[PDB]
file structure20.cif (mmCIF, C-alpha atoms and all ligand atoms)
data_run
loop_
_atom_site.label_atom_id
_atom_site.label_comp_id
_atom_site.auth_asym_id
_atom_site.auth_seq_id
_atom_site.Cartn_x
_atom_site.Cartn_y
_atom_site.Cartn_z
CA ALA A 48 13.78 -0.10 13.57
CA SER A 49 10.81 -0.35 11.18
CA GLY A 50 7.38 0.88 12.14
CA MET A 51 4.22 -1.13 11.74
CA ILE A 52 0.63 0.12 11.41
CA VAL A 53 -2.33 -2.26 11.45
CA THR A 54 -5.72 -0.97 10.30
CA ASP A 55 -9.22 -2.32 9.94
CA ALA A 56 -10.10 -3.39 6.36
CA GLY A 57 -13.26 -1.32 5.89
CA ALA A 58 -14.85 2.06 6.51
CA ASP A 59 -11.76 4.33 6.24
CA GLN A 60 -9.03 1.91 7.51
CA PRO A 61 -8.77 3.27 11.06
CA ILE A 62 -5.52 2.40 12.85
CA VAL A 63 -6.04 -0.38 15.43
CA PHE A 64 -2.39 -1.10 16.38
CA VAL A 65 1.05 0.48 16.05
CA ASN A 66 4.40 -0.90 17.25
CA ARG A 67 7.06 0.96 19.26
CA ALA A 68 9.09 2.00 16.20
CA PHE A 69 6.03 3.78 14.70
CA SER A 70 6.23 6.20 17.68
CA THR A 71 10.05 6.50 17.43
CA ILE A 72 9.76 7.42 13.69
CA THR A 73 6.63 9.61 13.69
CA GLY A 74 6.65 11.16 17.21
CA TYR A 75 2.99 10.14 17.75
CA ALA A 76 1.95 8.01 20.75
CA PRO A 77 -0.47 5.15 20.08
CA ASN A 78 -3.36 6.87 21.98
CA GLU A 79 -3.30 9.86 19.62
CA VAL A 80 -3.46 7.79 16.36
CA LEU A 81 -5.76 4.86 17.21
CA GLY A 82 -9.06 5.15 15.30
CA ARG A 83 -7.61 7.61 12.73
CA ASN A 84 -6.72 6.94 9.08
CA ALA A 85 -2.91 7.13 8.66
CA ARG A 86 -3.24 10.04 6.14
CA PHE A 87 -2.64 12.49 9.06
CA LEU A 88 1.07 11.65 8.40
CA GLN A 89 0.77 13.56 5.06
CA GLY A 90 1.19 17.29 4.60
CA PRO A 91 1.70 20.13 2.14
CA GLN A 92 4.61 18.68 0.06
CA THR A 93 3.30 15.08 -0.05
CA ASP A 94 3.07 13.93 -3.70
CA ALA A 95 -0.65 13.71 -4.69
CA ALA A 96 0.08 11.03 -7.33
CA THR A 97 1.68 8.80 -4.64
CA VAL A 98 -1.37 9.28 -2.41
CA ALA A 99 -3.67 8.35 -5.34
CA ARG A 100 -1.69 5.11 -5.98
CA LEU A 101 -2.08 4.18 -2.28
CA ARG A 102 -5.81 4.99 -2.43
CA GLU A 103 -6.33 2.73 -5.50
CA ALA A 104 -4.22 -0.11 -4.06
CA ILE A 105 -6.10 -0.12 -0.74
CA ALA A 106 -9.47 0.02 -2.54
CA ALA A 107 -8.47 -3.08 -4.58
CA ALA A 108 -6.60 -4.75 -1.63
CA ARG A 109 -3.40 -4.88 -3.76
CA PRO A 110 0.08 -4.81 -2.16
CA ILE A 111 1.96 -1.57 -2.84
CA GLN A 112 5.22 0.10 -1.82
CA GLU A 113 5.92 3.82 -2.08
CA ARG A 114 8.44 6.37 -0.85
CA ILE A 115 6.18 9.15 0.48
CA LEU A 116 6.87 12.45 2.22
CA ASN A 117 5.36 12.34 5.70
CA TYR A 118 5.47 14.70 8.69
CA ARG A 119 6.38 13.92 12.31
CA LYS A 120 4.05 15.12 15.12
CA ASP A 121 6.37 18.20 15.57
CA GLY A 122 5.89 19.07 11.83
CA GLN A 123 9.33 17.88 10.55
CA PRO A 124 9.14 16.26 7.08
CA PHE A 125 10.69 12.81 6.54
CA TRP A 126 10.81 10.25 3.68
CA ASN A 127 8.70 7.21 4.60
CA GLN A 128 9.49 3.96 2.73
CA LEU A 129 6.01 2.42 3.09
CA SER A 130 4.74 -1.03 2.18
CA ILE A 131 1.08 -1.96 2.57
CA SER A 132 -0.45 -5.41 2.24
CA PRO A 133 -3.90 -6.83 2.91
CA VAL A 134 -4.38 -9.60 5.46
CA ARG A 135 -6.84 -12.22 4.13
CA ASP A 136 -8.71 -15.23 5.51
CA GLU A 137 -8.89 -18.57 3.65
CA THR A 138 -12.05 -17.52 1.64
CA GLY A 139 -10.14 -14.37 0.50
CA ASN A 140 -11.98 -11.82 2.75
CA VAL A 141 -9.73 -8.89 3.70
CA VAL A 142 -9.46 -8.85 7.55
CA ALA A 143 -6.99 -5.95 7.96
CA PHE A 144 -4.21 -4.00 6.29
CA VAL A 145 -0.62 -4.03 7.52
CA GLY A 146 1.83 -1.23 6.75
CA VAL A 147 5.54 -1.33 7.40
CA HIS A 148 7.47 1.88 7.23
CA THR A 149 11.07 2.94 7.48
CA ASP A 150 12.47 6.48 7.77
CA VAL A 151 14.77 6.63 4.69
CA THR A 152 15.63 10.37 5.02
CA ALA B 48 -15.82 -13.53 11.06
CA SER B 49 -12.07 -14.18 10.89
CA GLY B 50 -9.81 -13.62 13.84
CA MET B 51 -6.48 -11.91 13.61
CA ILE B 52 -3.50 -12.28 15.96
CA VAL B 53 -0.39 -10.07 15.68
CA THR B 54 2.74 -11.17 17.53
CA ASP B 55 6.19 -9.78 18.05
CA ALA B 56 8.79 -11.39 15.74
CA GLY B 57 11.29 -12.36 18.44
CA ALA B 58 11.39 -13.92 21.93
CA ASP B 59 8.75 -16.72 21.41
CA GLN B 60 6.27 -14.44 19.58
CA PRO B 61 4.14 -12.88 22.33
CA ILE B 62 0.73 -11.61 21.20
CA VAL B 63 0.62 -7.82 20.82
CA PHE B 64 -2.83 -7.36 19.20
CA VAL B 65 -6.01 -9.35 18.56
CA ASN B 66 -9.14 -8.24 16.73
CA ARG B 67 -12.68 -8.63 18.06
CA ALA B 68 -13.35 -11.83 16.03
CA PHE B 69 -10.43 -13.50 17.86
CA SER B 70 -12.44 -13.05 21.12
CA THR B 71 -15.66 -14.28 19.44
CA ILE B 72 -13.88 -17.46 18.21
CA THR B 73 -11.70 -18.27 21.25
CA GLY B 74 -13.60 -16.84 24.25
CA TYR B 75 -10.51 -14.89 25.41
CA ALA B 76 -10.52 -11.13 25.95
CA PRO B 77 -7.44 -9.21 24.76
CA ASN B 78 -6.23 -8.69 28.41
CA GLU B 79 -6.17 -12.50 28.83
CA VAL B 80 -3.83 -13.10 25.84
CA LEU B 81 -1.55 -10.04 25.40
CA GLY B 82 2.08 -10.98 26.12
CA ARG B 83 1.48 -14.73 25.72
CA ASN B 84 2.48 -17.12 22.96
CA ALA B 85 -0.67 -18.31 21.12
CA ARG B 86 0.06 -22.01 21.97
CA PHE B 87 -2.31 -21.70 24.99
CA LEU B 88 -4.97 -22.36 22.30
CA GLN B 89 -3.64 -25.94 22.01
CA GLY B 90 -4.47 -28.95 24.17
CA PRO B 91 -4.25 -32.72 24.41
CA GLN B 92 -6.08 -33.58 21.11
CA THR B 93 -4.01 -31.05 19.07
CA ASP B 94 -1.92 -32.89 16.42
CA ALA B 95 1.77 -32.79 17.48
CA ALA B 96 2.98 -33.04 13.81
CA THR B 97 0.91 -29.90 12.95
CA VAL B 98 2.46 -28.04 15.92
CA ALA B 99 5.94 -29.13 14.72
CA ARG B 100 5.26 -27.75 11.23
CA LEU B 101 4.13 -24.42 12.80
CA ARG B 102 7.21 -24.33 15.04
CA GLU B 103 9.63 -24.91 12.15
CA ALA B 104 7.86 -22.42 9.82
CA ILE B 105 7.76 -19.61 12.42
CA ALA B 106 11.43 -20.20 13.31
CA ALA B 107 12.28 -19.84 9.55
CA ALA B 108 9.82 -16.89 9.08
CA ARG B 109 8.08 -18.94 6.36
CA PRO B 110 4.33 -18.49 5.73
CA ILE B 111 2.27 -21.52 6.76
CA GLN B 112 -1.37 -22.60 6.69
CA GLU B 113 -2.75 -25.44 8.83
CA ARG B 114 -6.04 -26.73 10.22
CA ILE B 115 -5.37 -27.28 13.94
CA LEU B 116 -7.51 -28.37 16.90
CA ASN B 117 -7.65 -25.54 19.42
CA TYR B 118 -9.59 -24.90 22.63
CA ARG B 119 -11.73 -21.97 23.73
CA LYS B 120 -10.94 -20.39 27.11
CA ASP B 121 -13.54 -22.57 28.90
CA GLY B 122 -12.11 -25.73 27.24
CA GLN B 123 -14.49 -26.29 24.26
CA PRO B 124 -12.56 -27.71 21.30
CA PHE B 125 -12.83 -26.14 17.80
CA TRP B 126 -11.06 -26.57 14.50
CA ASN B 127 -8.95 -23.51 13.62
CA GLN B 128 -8.09 -22.80 9.98
CA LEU B 129 -4.88 -20.84 10.62
CA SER B 130 -2.58 -18.90 8.30
CA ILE B 131 0.55 -17.24 9.65
CA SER B 132 2.87 -14.94 7.72
CA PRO B 133 5.83 -12.80 8.66
CA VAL B 134 5.61 -9.03 8.22
CA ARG B 135 8.90 -7.78 6.67
CA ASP B 136 10.45 -4.37 6.05
CA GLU B 137 12.08 -3.47 2.70
CA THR B 138 15.49 -4.91 3.87
CA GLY B 139 13.72 -8.24 4.71
CA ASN B 140 13.82 -7.85 8.56
CA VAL B 141 10.85 -9.58 10.21
CA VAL B 142 8.91 -6.91 12.14
CA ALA B 143 5.99 -9.11 13.34
CA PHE B 144 3.92 -12.18 12.57
CA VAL B 145 0.25 -11.99 11.55
CA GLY B 146 -2.13 -14.91 11.97
CA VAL B 147 -5.62 -15.09 10.54
CA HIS B 148 -7.91 -17.80 11.76
CA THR B 149 -11.40 -19.08 11.16
CA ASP B 150 -13.47 -21.56 13.18
CA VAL B 151 -14.15 -24.34 10.61
CA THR B 152 -15.68 -26.87 13.05
CA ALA B 153 -18.35 -28.71 10.97
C1 LIG C 201 -2.05 -0.17 6.95
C2 LIG C 201 -1.91 1.21 6.37
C3 LIG C 201 -0.80 1.98 6.68
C4 LIG C 201 -0.61 3.24 6.15
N1 LIG C 201 0.48 3.96 6.47
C5 LIG C 201 0.66 5.15 5.90
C6 LIG C 201 1.83 5.94 6.19
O1 LIG C 201 2.72 5.52 6.95
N2 LIG C 201 1.92 7.15 5.60
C7 LIG C 201 1.00 7.66 4.73
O2 LIG C 201 1.18 8.79 4.20
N3 LIG C 201 -0.10 6.96 4.41
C8 LIG C 201 -0.27 5.74 4.98
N4 LIG C 201 -1.40 5.01 4.65
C9 LIG C 201 -2.28 5.53 3.59
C10 LIG C 201 -3.44 6.41 3.99
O3 LIG C 201 -4.03 5.81 5.14
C11 LIG C 201 -4.48 6.48 2.86
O4 LIG C 201 -4.89 5.16 2.47
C12 LIG C 201 -3.93 7.17 1.62
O5 LIG C 201 -3.55 8.51 1.93
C13 LIG C 201 -4.84 7.14 0.42
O6 LIG C 201 -6.14 7.49 0.75
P1 LIG C 201 -6.79 8.90 0.69
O7 LIG C 201 -6.72 9.47 -0.71
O8 LIG C 201 -8.22 8.61 1.13
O9 LIG C 201 -6.01 9.67 1.74
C14 LIG C 201 -1.62 3.76 5.24
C15 LIG C 201 -2.75 3.01 4.96
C16 LIG C 201 -2.91 1.74 5.49
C17 LIG C 201 -4.14 0.94 5.11
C1 LIG C 202 0.95 -14.76 14.61
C2 LIG C 202 0.79 -16.12 15.20
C3 LIG C 202 -0.48 -16.62 15.42
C4 LIG C 202 -0.66 -17.89 15.93
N1 LIG C 202 -1.94 -18.38 16.10
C5 LIG C 202 -2.10 -19.63 16.56
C6 LIG C 202 -3.42 -20.22 16.73
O1 LIG C 202 -4.45 -19.57 16.44
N2 LIG C 202 -3.48 -21.47 17.19
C7 LIG C 202 -2.41 -22.24 17.49
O2 LIG C 202 -2.59 -23.43 17.91
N3 LIG C 202 -1.15 -21.74 17.36
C8 LIG C 202 -1.00 -20.50 16.90
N4 LIG C 202 0.27 -20.01 16.75
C9 LIG C 202 1.36 -20.96 16.93
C10 LIG C 202 1.99 -21.01 18.30
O3 LIG C 202 2.13 -19.70 18.79
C11 LIG C 202 3.37 -21.67 18.23
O4 LIG C 202 4.21 -20.97 17.34
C12 LIG C 202 3.33 -23.13 17.79
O5 LIG C 202 2.56 -23.88 18.72
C13 LIG C 202 4.68 -23.79 17.64
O6 LIG C 202 5.47 -23.58 18.77
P1 LIG C 202 5.77 -24.50 19.99
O7 LIG C 202 6.12 -25.95 19.68
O8 LIG C 202 6.98 -23.79 20.53
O9 LIG C 202 4.51 -24.34 20.78
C14 LIG C 202 0.48 -18.70 16.25
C15 LIG C 202 1.73 -18.18 16.08
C16 LIG C 202 1.92 -16.93 15.59
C17 LIG C 202 3.30 -16.41 15.37
#
call {"tool": "encode", "arguments": {"input": "structure20.cif", "output": "structure tokens"}}
result
Amino acid sequence: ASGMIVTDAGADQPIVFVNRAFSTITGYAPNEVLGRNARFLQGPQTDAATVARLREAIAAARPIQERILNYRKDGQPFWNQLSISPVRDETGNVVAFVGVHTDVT
Amino acid sequence: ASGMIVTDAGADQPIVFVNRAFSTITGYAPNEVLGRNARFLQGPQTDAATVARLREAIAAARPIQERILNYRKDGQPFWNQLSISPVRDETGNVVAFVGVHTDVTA
């Protein structure tokens, strides 16, 4: 099953919602991630260039997909196939971001 | 501000998340809507042909935009500029639906 992360659009894109599969994949319960930026999933072997592409895409509200090394709550690394898209209203304002992720280890 | 509704993909699309603007626009608190299909926003002056287009688009997981007459919790009508899109994983599976809505009553 594919995880889903919804964040606010501004400040530092705090997580406001995760689905069941997010917890299955990452080992984190919703209560311990809500209000945090999803970058806590990253760790020592995460590719910095991949992180920088995500950072630029979110800043510009551009859709992006990456395969990124993430870490479960218990510290185990896994390959996360991640897609992020902005959610926009009719006037083009960004309301939220939505991420979908799949463990492709 | 623009409301956002997230629903499950399956089983008549129950609401799983709303943002604060959803409550400002509709008068419903999250507790009052979680687990329900968003059609409780409709009422007797809602255009049946618009509802049909929504029904067919959601069943097909096709993005759709419509202006639809909706009703606040206490019954006040408002025009809802609504856009609904599926959320897909890399294999194309629909994970959720996301709706963004604005009160465009003149
Ligand atoms: C909706 C959404 C979902 C995200 N999901 C993930 C994720 O699953 N894994 C990850 O490493 N980063 C994820 N990110 C990216 C980080 O939150 C952050 O944007 C990224 O690391 C770049 O920013 P930084 O350089 O400030 O950390 C997500 C971001 C958004 C907006
Ligand atoms: C994510 C999402 C958000 C929705 N938001 C609204 C809304 O704001 N107003 C509305 O009248 N219907 C909304 N709907 C549409 C109804 O939930 C429903 O799909 C539509 O009325 C057609 O179905 P029916 O004939 O089975 O009621 C939304 C649906 C989804 C999936």
call {"tool": "axis_aligned_box", "arguments": {"input": "structure20.cif", "around": "region 69-74 of chain A", "padding_each_side": "5 Å", "output": "JSON"}}
result
{"center_x": 8.0, "center_y": 7.5, "center_z": 15.7, "size_x": 14.0, "size_y": 17.4, "size_z": 14.0}
call {"tool": "interface_residues", "arguments": {"input": "structure20.cif", "of": "chain B", "to": "chain A", "cutoff": "12 Å", "atoms": "only C-alpha atoms", "output": "MDAnalysis selection string"}}
result
chainID B and resid 48:56 62:69 111:114 127:151
call {"tool": "residues_near_ligand", "arguments": {"input": "structure20.cif", "ligand": "ligand LIG 201 (chain C)", "cutoff": "9 Å", "atoms": "only C-alpha atoms and all ligand atoms", "output": "ChimeraX atom specification"}}
result
/A:50-56,59-62,69,73,83-90,93,95,97-106,115-118,127-133,143-149
call {"tool": "closest_residue", "arguments": {"input": "structure20.cif", "among": "B:61, B:82, B:77, B:91", "to": "ligand LIG 202 (chain C)", "atoms": "all atoms listed in the file"}}
result
B:61
call {"tool": "closest_residue", "arguments": {"input": "structure20.cif", "among": "B:122, B:86, B:58, B:80", "to": "ligand LIG 202 (chain C)", "atoms": "all atoms listed in the file"}}
result
B:86
call {"tool": "closest_residue", "arguments": {"input": "structure20.cif", "among": "B:115, B:107, B:81, B:96", "to": "ligand LIG 202 (chain C)", "atoms": "only C-alpha atoms and all ligand atoms"}}
result
B:115
call {"tool": "residues_around", "arguments": {"input": "structure20.cif", "residues": "residue 116 (chain B)", "least_positions_apart": "6", "cutoff": "9 Å", "atoms": "all atoms listed in the file", "output": "VMD selection string"}}
result
chain B and resid 88 to 90 92 to 94 124 to 128
call {"tool": "atom_distance", "arguments": {"input": "structure20.cif", "atom1": "CA of residue 151 (chain A)", "atom2": "CA of residue 96 (chain A)"}}
result
19.5 Å
call {"tool": "atom_distance", "arguments": {"input": "structure20.cif", "atom1": "CA of residue 60 (chain B)", "atom2": "CA of residue 70 (chain A)"}}
result
20.7 Å
call {"tool": "atom_distance", "arguments": {"input": "structure20.cif", "atom1": "CA of residue 152 (chain A)", "atom2": "CA of residue 79 (chain A)"}}
result
23.9 Å
call {"tool": "closest_residue", "arguments": {"input": "structure20.cif", "among": "B:97, B:102, B:59, B:73", "to": "ligand LIG 202 (chain C)", "atoms": "all atoms listed in the file"}}
result
B:102
call {"tool": "closest_residue", "arguments": {"input": "structure20.cif", "among": "B:153, B:95, B:85, B:108", "to": "ligand LIG 202 (chain C)", "atoms": "all atoms listed in the file"}}
result
B:85
call {"tool": "closest_residue", "arguments": {"input": "structure20.cif", "among": "B:71, B:84, B:78, B:152", "to": "ligand LIG 202 (chain C)", "atoms": "only C-alpha atoms and all ligand atoms"}}
result
B:84
